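Asks: One file: start_33.cif (mmCIF, N, CA and C atoms).
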data_start
loop_
_atom_site.label_atom_id
_atom_site.label_comp_id
_atom_site.auth_asym_id
_atom_site.auth_seq_id
_atom_site.Cartn_x
_atom_site.Cartn_y
_atom_site.Cartn_z
N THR A 1 2.25 2.73 16.76
CA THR A 1 2.48 3.78 15.77
C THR A 1 2.76 3.16 14.40
N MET A 2 2.73 1.83 14.36
CA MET A 2 3.00 1.08 13.15
C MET A 2 2.16 -0.19 13.16
N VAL A 3 1.86 -0.70 11.96
CA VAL A 3 1.22 -2.00 11.82
C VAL A 3 2.18 -2.90 11.04
N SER A 4 1.95 -4.20 11.15
CA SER A 4 2.76 -5.19 10.46
C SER A 4 2.06 -5.75 9.24
N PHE A 5 0.98 -5.10 8.81
CA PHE A 5 0.21 -5.58 7.67
C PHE A 5 1.01 -5.47 6.38
N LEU A 6 1.76 -4.39 6.23
CA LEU A 6 2.48 -4.05 5.02
C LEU A 6 3.88 -4.65 4.97
N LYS A 7 4.24 -5.43 5.99
CA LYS A 7 5.60 -5.95 6.11
C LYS A 7 6.10 -6.85 4.98
N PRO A 8 5.33 -7.80 4.41
CA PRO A 8 5.94 -8.71 3.41
C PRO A 8 6.36 -8.05 2.09
N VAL A 9 6.11 -6.76 1.88
CA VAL A 9 6.56 -6.06 0.68
C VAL A 9 7.20 -4.70 0.97
N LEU A 10 7.55 -4.44 2.24
CA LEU A 10 7.96 -3.11 2.67
C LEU A 10 9.33 -2.71 2.13
N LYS A 11 10.24 -3.69 2.01
CA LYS A 11 11.57 -3.44 1.47
C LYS A 11 11.50 -2.89 0.06
N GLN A 12 10.66 -3.49 -0.76
CA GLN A 12 10.45 -3.07 -2.13
C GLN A 12 9.54 -1.85 -2.23
N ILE A 13 8.89 -1.46 -1.13
CA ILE A 13 8.29 -0.13 -1.07
C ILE A 13 9.37 0.95 -0.94
N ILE A 14 10.15 0.88 0.15
CA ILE A 14 11.09 1.96 0.49
C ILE A 14 12.18 2.07 -0.56
N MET A 15 12.71 0.91 -0.97
CA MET A 15 13.78 0.83 -1.94
C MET A 15 13.32 1.18 -3.35
N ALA A 16 12.02 1.29 -3.59
CA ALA A 16 11.54 1.86 -4.84
C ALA A 16 11.34 3.36 -4.77
N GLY A 17 10.78 3.86 -3.66
CA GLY A 17 10.53 5.29 -3.51
C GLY A 17 11.79 6.15 -3.54
N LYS A 18 12.77 5.77 -2.71
CA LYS A 18 14.01 6.55 -2.64
C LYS A 18 14.78 6.49 -3.95
N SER A 19 14.82 5.30 -4.57
CA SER A 19 15.52 5.13 -5.85
C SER A 19 14.83 5.88 -6.98
N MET A 20 13.50 6.01 -6.93
CA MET A 20 12.82 6.81 -7.93
C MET A 20 13.15 8.28 -7.77
N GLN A 21 13.30 8.75 -6.52
CA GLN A 21 13.75 10.13 -6.34
C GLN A 21 15.16 10.33 -6.87
N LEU A 22 16.04 9.35 -6.66
CA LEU A 22 17.38 9.42 -7.23
C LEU A 22 17.40 9.31 -8.74
N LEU A 23 16.35 8.77 -9.34
CA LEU A 23 16.16 8.95 -10.77
C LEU A 23 15.73 10.37 -11.10
N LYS A 24 14.86 10.95 -10.26
CA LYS A 24 14.32 12.28 -10.53
C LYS A 24 15.37 13.36 -10.38
N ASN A 25 16.42 13.10 -9.61
CA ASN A 25 17.48 14.07 -9.44
C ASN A 25 18.40 14.16 -10.65
N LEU A 26 18.23 13.28 -11.63
CA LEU A 26 19.00 13.35 -12.86
C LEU A 26 18.17 13.97 -13.97
N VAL B 1 -6.49 -0.64 -8.34
CA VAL B 1 -6.08 -1.90 -8.90
C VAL B 1 -6.54 -3.07 -8.05
N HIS B 2 -6.46 -2.97 -6.70
CA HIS B 2 -6.84 -4.16 -5.95
C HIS B 2 -8.35 -4.36 -5.94
N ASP B 3 -9.14 -3.30 -6.18
CA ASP B 3 -10.58 -3.53 -6.27
C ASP B 3 -11.00 -4.47 -7.42
N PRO B 4 -10.51 -4.37 -8.67
CA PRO B 4 -10.81 -5.46 -9.63
C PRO B 4 -10.08 -6.78 -9.35
N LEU B 5 -9.01 -6.79 -8.55
CA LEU B 5 -8.31 -8.05 -8.27
C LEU B 5 -9.14 -9.00 -7.42
N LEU B 6 -10.10 -8.47 -6.66
CA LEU B 6 -10.95 -9.31 -5.83
C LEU B 6 -11.85 -10.21 -6.67
N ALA B 7 -12.20 -9.79 -7.89
CA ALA B 7 -13.07 -10.60 -8.74
C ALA B 7 -12.32 -11.74 -9.39
N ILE B 8 -11.19 -11.45 -10.03
CA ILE B 8 -10.39 -12.48 -10.69
C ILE B 8 -9.51 -13.21 -9.68
N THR B 9 -8.48 -16.90 3.15
CA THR B 9 -8.01 -16.86 1.77
C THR B 9 -8.24 -15.48 1.15
N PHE B 10 -9.26 -14.78 1.62
CA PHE B 10 -9.46 -13.39 1.27
C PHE B 10 -8.61 -12.55 2.21
N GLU B 11 -7.84 -11.61 1.63
CA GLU B 11 -6.98 -10.67 2.35
C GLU B 11 -5.90 -11.40 3.17
N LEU B 12 -5.57 -12.62 2.76
CA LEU B 12 -4.33 -13.22 3.23
C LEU B 12 -3.44 -13.70 2.09
N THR B 13 -3.94 -14.64 1.28
CA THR B 13 -3.20 -15.02 0.09
C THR B 13 -3.61 -14.16 -1.09
N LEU B 14 -4.86 -13.68 -1.06
CA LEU B 14 -5.36 -12.78 -2.08
C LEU B 14 -4.65 -11.43 -2.02
N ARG B 15 -4.39 -10.94 -0.80
CA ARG B 15 -3.63 -9.70 -0.64
C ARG B 15 -2.18 -9.90 -1.07
N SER B 16 -1.66 -11.12 -0.94
CA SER B 16 -0.33 -11.43 -1.43
C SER B 16 -0.26 -11.54 -2.94
N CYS B 17 -1.38 -11.42 -3.65
CA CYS B 17 -1.35 -11.24 -5.09
C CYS B 17 -1.25 -9.77 -5.49
N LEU B 18 -1.58 -8.84 -4.60
CA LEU B 18 -1.44 -7.42 -4.89
C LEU B 18 0.02 -7.00 -4.89
N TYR B 19 0.81 -7.58 -3.99
CA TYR B 19 2.20 -7.18 -3.80
C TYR B 19 3.13 -7.39 -5.01
N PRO B 20 2.94 -8.44 -5.91
CA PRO B 20 3.73 -8.47 -7.16
C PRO B 20 3.68 -7.24 -8.05
N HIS B 21 2.61 -6.45 -7.93
CA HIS B 21 2.45 -5.27 -8.77
C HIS B 21 3.37 -4.14 -8.34
N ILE B 22 3.60 -4.00 -7.03
CA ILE B 22 4.61 -3.03 -6.60
C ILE B 22 6.01 -3.61 -6.74
N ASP B 23 6.16 -4.94 -6.70
CA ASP B 23 7.46 -5.56 -6.94
C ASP B 23 7.98 -5.40 -8.36
N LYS B 24 7.13 -5.63 -9.37
CA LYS B 24 7.55 -5.50 -10.77
C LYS B 24 7.95 -4.07 -11.10
N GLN B 25 7.20 -3.09 -10.57
CA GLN B 25 7.51 -1.69 -10.78
C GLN B 25 8.83 -1.31 -10.11
N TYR B 26 9.04 -1.85 -8.90
CA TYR B 26 10.26 -1.58 -8.14
C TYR B 26 11.50 -2.10 -8.86
N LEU B 27 11.39 -3.26 -9.51
CA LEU B 27 12.52 -3.82 -10.25
C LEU B 27 12.93 -2.93 -11.41
N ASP B 28 11.95 -2.45 -12.18
CA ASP B 28 12.20 -1.52 -13.28
C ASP B 28 12.87 -0.24 -12.79
N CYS B 29 12.37 0.32 -11.68
CA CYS B 29 12.94 1.55 -11.12
C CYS B 29 14.40 1.40 -10.73
N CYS B 30 14.71 0.37 -9.95
CA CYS B 30 16.06 0.25 -9.42
C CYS B 30 17.05 -0.20 -10.50
N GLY B 31 16.62 -1.08 -11.40
CA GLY B 31 17.47 -1.43 -12.53
C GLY B 31 17.74 -0.27 -13.46
#
Here is a file; write its structure as structure tokens.
Replies:
Amino acid sequence: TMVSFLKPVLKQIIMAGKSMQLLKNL
Amino acid sequence: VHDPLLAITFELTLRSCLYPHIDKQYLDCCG
């Protein structure tokens, strides 16, 4: 249900998306 | 963006050149 192709940059994927929403809430 | 990056080892180290582009944007966002 998952691949490991996107793993070497995944932290900076998730931690950018959620933080951008927390920018949008302001 | 990655389609012109192929012009300027394929999909291993070359794909690891695509990832700085989401990294630089991520730094600006979180900072």
Asks: If the PyMOL selection byres ((chain B) within 7 of (chain A)) were run on this exact file, what residues would it hold? Put them as a tab-separated table (two decimals) with N, CA and C atoms, in the frame of the given file.
Replies:
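Below you can see result_10.tsv, which holds the result:
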chain	number	residue	atom	x	y	z
B	19	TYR	N	0.81	-7.58	-3.99
B	19	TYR	CA	2.20	-7.18	-3.80
B	19	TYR	C	3.13	-7.39	-5.01
B	22	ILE	N	3.60	-4.00	-7.03
B	22	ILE	CA	4.61	-3.03	-6.60
B	22	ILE	C	6.01	-3.61	-6.74
B	23	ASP	N	6.16	-4.94	-6.70
B	23	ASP	CA	7.46	-5.56	-6.94
B	23	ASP	C	7.98	-5.40	-8.36
B	25	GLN	N	7.20	-3.09	-10.57
B	25	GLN	CA	7.51	-1.69	-10.78
B	25	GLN	C	8.83	-1.31	-10.11
B	26	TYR	N	9.04	-1.85	-8.90
B	26	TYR	CA	10.26	-1.58	-8.14
B	26	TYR	C	11.50	-2.10	-8.86
B	27	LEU	N	11.39	-3.26	-9.51
B	27	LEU	CA	12.52	-3.82	-10.25
B	27	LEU	C	12.93	-2.93	-11.41
B	29	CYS	N	12.37	0.32	-11.68
B	29	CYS	CA	12.94	1.55	-11.12
B	29	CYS	C	14.40	1.40	-10.73
B	30	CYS	N	14.71	0.37	-9.95
B	30	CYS	CA	16.06	0.25	-9.42
B	30	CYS	C	17.05	-0.20	-10.50
Asks: Quick one, how far is atom CA of residue 4 of chain B from atom N of residue 31 of chain B?
Replies: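 Going from atom CA of residue 4 of chain B over to atom N of residue 31 of chain B, I get 27.8 Å.
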Asks: How far is it from atom C of residue 12 of chain B to atom N of residue 24 of chain B, in Å with one decimal?
Replies: 17.6 Å
Asks: To one decimal place in Å, what is the distance between atom C of residue 3 of chain B and atom C of residue 28 of chain B?
Replies: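 Pair atom C of residue 3 of chain B / atom C of residue 28 of chain B returns 24.8 Å.
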Asks: Go through chain B and collect every residue that DSSP, computed from the backbone, puts in helix (DSSP H, G or I); the answer should be as number ranges by chain.
Replies: B: 2-5, 15-17, 19-30
Asks: Please produce an output containing N, CA and C atoms for each residue in the selection, written as a PDB file, in the frame of the given file.
Replies:
ATOM      1  N   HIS B   2      -6.460  -2.970  -6.700  1.00  0.00           N
ATOM      2  CA  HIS B   2      -6.840  -4.160  -5.950  1.00  0.00           C
ATOM      3  C   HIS B   2      -8.350  -4.360  -5.940  1.00  0.00           C
ATOM      4  N   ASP B   3      -9.140  -3.300  -6.180  1.00  0.00           N
ATOM      5  CA  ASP B   3     -10.580  -3.530  -6.270  1.00  0.00           C
ATOM      6  C   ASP B   3     -11.000  -4.470  -7.420  1.00  0.00           C
ATOM      7  N   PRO B   4     -10.510  -4.370  -8.670  1.00  0.00           N
ATOM      8  CA  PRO B   4     -10.810  -5.460  -9.630  1.00  0.00           C
ATOM      9  C   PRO B   4     -10.080  -6.780  -9.350  1.00  0.00           C
ATOM     10  N   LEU B   5      -9.010  -6.790  -8.550  1.00  0.00           N
ATOM     11  CA  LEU B   5      -8.310  -8.050  -8.270  1.00  0.00           C
ATOM     12  C   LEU B   5      -9.140  -9.000  -7.420  1.00  0.00           C
ATOM     13  N   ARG B  15      -4.390 -10.940  -0.800  1.00  0.00           N
ATOM     14  CA  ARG B  15      -3.630  -9.700  -0.640  1.00  0.00           C
ATOM     15  C   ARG B  15      -2.180  -9.900  -1.070  1.00  0.00           C
ATOM     16  N   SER B  16      -1.660 -11.120  -0.940  1.00  0.00           N
ATOM     17  CA  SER B  16      -0.330 -11.430  -1.430  1.00  0.00           C
ATOM     18  C   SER B  16      -0.260 -11.540  -2.940  1.00  0.00           C
ATOM     19  N   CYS B  17      -1.380 -11.420  -3.650  1.00  0.00           N
ATOM     20  CA  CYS B  17      -1.350 -11.240  -5.090  1.00  0.00           C
ATOM     21  C   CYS B  17      -1.250  -9.770  -5.490  1.00  0.00           C
ATOM     22  N   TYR B  19       0.810  -7.580  -3.990  1.00  0.00           N
ATOM     23  CA  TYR B  19       2.200  -7.180  -3.800  1.00  0.00           C
ATOM     24  C   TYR B  19       3.130  -7.390  -5.010  1.00  0.00           C
ATOM     25  N   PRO B  20       2.940  -8.440  -5.910  1.00  0.00           N
ATOM     26  CA  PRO B  20       3.730  -8.470  -7.160  1.00  0.00           C
ATOM     27  C   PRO B  20       3.680  -7.240  -8.050  1.00  0.00           C
ATOM     28  N   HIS B  21       2.610  -6.450  -7.930  1.00  0.00           N
ATOM     29  CA  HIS B  21       2.450  -5.270  -8.770  1.00  0.00           C
ATOM     30  C   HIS B  21       3.370  -4.140  -8.340  1.00  0.00           C
ATOM     31  N   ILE B  22       3.600  -4.000  -7.030  1.00  0.00           N
ATOM     32  CA  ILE B  22       4.610  -3.030  -6.600  1.00  0.00           C
ATOM     33  C   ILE B  22       6.010  -3.610  -6.740  1.00  0.00           C
ATOM     34  N   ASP B  23       6.160  -4.940  -6.700  1.00  0.00           N
ATOM     35  CA  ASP B  23       7.460  -5.560  -6.940  1.00  0.00           C
ATOM     36  C   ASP B  23       7.980  -5.400  -8.360  1.00  0.00           C
ATOM     37  N   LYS B  24       7.130  -5.630  -9.370  1.00  0.00           N
ATOM     38  CA  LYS B  24       7.550  -5.500 -10.770  1.00  0.00           C
ATOM     39  C   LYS B  24       7.950  -4.070 -11.100  1.00  0.00           C
ATOM     40  N   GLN B  25       7.200  -3.090 -10.570  1.00  0.00           N
ATOM     41  CA  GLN B  25       7.510  -1.690 -10.780  1.00  0.00           C
ATOM     42  C   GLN B  25       8.830  -1.310 -10.110  1.00  0.00           C
ATOM     43  N   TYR B  26       9.040  -1.850  -8.900  1.00  0.00           N
ATOM     44  CA  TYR B  26      10.260  -1.580  -8.140  1.00  0.00           C
ATOM     45  C   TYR B  26      11.500  -2.100  -8.860  1.00  0.00           C
ATOM     46  N   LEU B  27      11.390  -3.260  -9.510  1.00  0.00           N
ATOM     47  CA  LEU B  27      12.520  -3.820 -10.250  1.00  0.00           C
ATOM     48  C   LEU B  27      12.930  -2.930 -11.410  1.00  0.00           C
ATOM     49  N   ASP B  28      11.950  -2.450 -12.180  1.00  0.00           N
ATOM     50  CA  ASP B  28      12.200  -1.520 -13.280  1.00  0.00           C
ATOM     51  C   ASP B  28      12.870  -0.240 -12.790  1.00  0.00           C
ATOM     52  N   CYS B  29      12.370   0.320 -11.680  1.00  0.00           N
ATOM     53  CA  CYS B  29      12.940   1.550 -11.120  1.00  0.00           C
ATOM     54  C   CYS B  29      14.400   1.400 -10.730  1.00  0.00           C
ATOM     55  N   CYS B  30      14.710   0.370  -9.950  1.00  0.00           N
ATOM     56  CA  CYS B  30      16.060   0.250  -9.420  1.00  0.00           C
ATOM     57  C   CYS B  30      17.050  -0.200 -10.500  1.00  0.00           C
TER      58      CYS B  30
END
Asks: Once you add 3 Å to each side, what are the centre and edge lengths of the axis-aligned box holding all listed atoms of segment 13-17 of chain B? One decimal in Å, as AutoDock Vina command-line options, if you can.
Replies:
--center_x -2.8 --center_y -12.4 --center_z -2.1 --size_x 11.1 --size_y 11.3 --size_z 12.8
Asks: Would you mind completing segment 5-30 of chain B so that it carries N, CA, C and O atoms, and writing it out as a short mmCIF file (atom, residue, chain, number, x, y, z; two decimals), in the coordinates of the input?
Replies:
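Contents of rebuild-v6.cif, as written:
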data_model
loop_
_atom_site.label_atom_id
_atom_site.label_comp_id
_atom_site.auth_asym_id
_atom_site.auth_seq_id
_atom_site.Cartn_x
_atom_site.Cartn_y
_atom_site.Cartn_z
N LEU B 5 -9.01 -6.79 -8.55
CA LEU B 5 -8.31 -8.05 -8.27
C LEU B 5 -9.14 -9.00 -7.42
O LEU B 5 -8.89 -10.21 -7.43
N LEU B 6 -10.10 -8.47 -6.66
CA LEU B 6 -10.95 -9.31 -5.83
C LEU B 6 -11.85 -10.21 -6.67
O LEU B 6 -12.23 -11.30 -6.21
N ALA B 7 -12.20 -9.79 -7.89
CA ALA B 7 -13.07 -10.60 -8.74
C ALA B 7 -12.32 -11.74 -9.39
O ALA B 7 -12.75 -12.90 -9.33
N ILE B 8 -11.19 -11.45 -10.03
CA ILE B 8 -10.39 -12.48 -10.69
C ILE B 8 -9.51 -13.21 -9.68
O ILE B 8 -8.69 -14.04 -10.05
N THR B 9 -8.48 -16.90 3.15
CA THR B 9 -8.01 -16.86 1.77
C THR B 9 -8.24 -15.48 1.15
O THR B 9 -7.51 -15.06 0.25
N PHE B 10 -9.26 -14.78 1.62
CA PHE B 10 -9.46 -13.39 1.27
C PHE B 10 -8.61 -12.55 2.21
O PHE B 10 -8.62 -12.78 3.43
N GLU B 11 -7.84 -11.61 1.63
CA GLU B 11 -6.98 -10.67 2.35
C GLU B 11 -5.90 -11.40 3.17
O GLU B 11 -5.42 -10.90 4.19
N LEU B 12 -5.57 -12.62 2.76
CA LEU B 12 -4.33 -13.22 3.23
C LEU B 12 -3.44 -13.70 2.09
O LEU B 12 -2.33 -13.19 1.89
N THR B 13 -3.94 -14.64 1.28
CA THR B 13 -3.20 -15.02 0.09
C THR B 13 -3.61 -14.16 -1.09
O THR B 13 -2.82 -13.92 -2.00
N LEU B 14 -4.86 -13.68 -1.06
CA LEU B 14 -5.36 -12.78 -2.08
C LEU B 14 -4.65 -11.43 -2.02
O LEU B 14 -4.32 -10.85 -3.05
N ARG B 15 -4.39 -10.94 -0.80
CA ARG B 15 -3.63 -9.70 -0.64
C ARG B 15 -2.18 -9.90 -1.07
O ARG B 15 -1.54 -8.96 -1.56
N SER B 16 -1.66 -11.12 -0.94
CA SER B 16 -0.33 -11.43 -1.43
C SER B 16 -0.26 -11.54 -2.94
O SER B 16 0.83 -11.75 -3.47
N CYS B 17 -1.38 -11.42 -3.65
CA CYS B 17 -1.35 -11.24 -5.09
C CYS B 17 -1.25 -9.77 -5.49
O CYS B 17 -0.84 -9.49 -6.62
N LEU B 18 -1.58 -8.84 -4.60
CA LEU B 18 -1.44 -7.42 -4.89
C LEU B 18 0.02 -7.00 -4.89
O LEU B 18 0.44 -6.16 -5.71
N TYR B 19 0.81 -7.58 -3.99
CA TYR B 19 2.20 -7.18 -3.80
C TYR B 19 3.13 -7.39 -5.01
O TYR B 19 4.07 -6.59 -5.17
N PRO B 20 2.94 -8.44 -5.91
CA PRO B 20 3.73 -8.47 -7.16
C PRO B 20 3.68 -7.24 -8.05
O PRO B 20 4.60 -6.98 -8.83
N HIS B 21 2.61 -6.45 -7.93
CA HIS B 21 2.45 -5.27 -8.77
C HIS B 21 3.37 -4.14 -8.34
O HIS B 21 3.87 -3.39 -9.18
N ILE B 22 3.60 -4.00 -7.03
CA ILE B 22 4.61 -3.03 -6.60
C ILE B 22 6.01 -3.61 -6.74
O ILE B 22 6.96 -2.85 -7.00
N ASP B 23 6.16 -4.94 -6.70
CA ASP B 23 7.46 -5.56 -6.94
C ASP B 23 7.98 -5.40 -8.36
O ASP B 23 9.17 -5.07 -8.55
N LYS B 24 7.13 -5.63 -9.37
CA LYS B 24 7.55 -5.50 -10.77
C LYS B 24 7.95 -4.07 -11.10
O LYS B 24 8.91 -3.84 -11.84
N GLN B 25 7.20 -3.09 -10.57
CA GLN B 25 7.51 -1.69 -10.78
C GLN B 25 8.83 -1.31 -10.11
O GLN B 25 9.65 -0.57 -10.67
N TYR B 26 9.04 -1.85 -8.90
CA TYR B 26 10.26 -1.58 -8.14
C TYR B 26 11.50 -2.10 -8.86
O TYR B 26 12.56 -1.45 -8.83
N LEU B 27 11.39 -3.26 -9.51
CA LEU B 27 12.52 -3.82 -10.25
C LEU B 27 12.93 -2.93 -11.41
O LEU B 27 14.13 -2.67 -11.61
N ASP B 28 11.95 -2.45 -12.18
CA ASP B 28 12.20 -1.52 -13.28
C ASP B 28 12.87 -0.24 -12.79
O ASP B 28 13.86 0.21 -13.39
N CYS B 29 12.37 0.32 -11.68
CA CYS B 29 12.94 1.55 -11.12
C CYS B 29 14.40 1.40 -10.73
O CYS B 29 15.26 2.20 -11.15
N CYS B 30 14.71 0.37 -9.95
CA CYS B 30 16.06 0.25 -9.42
C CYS B 30 17.05 -0.20 -10.50
O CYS B 30 18.20 0.27 -10.52
#
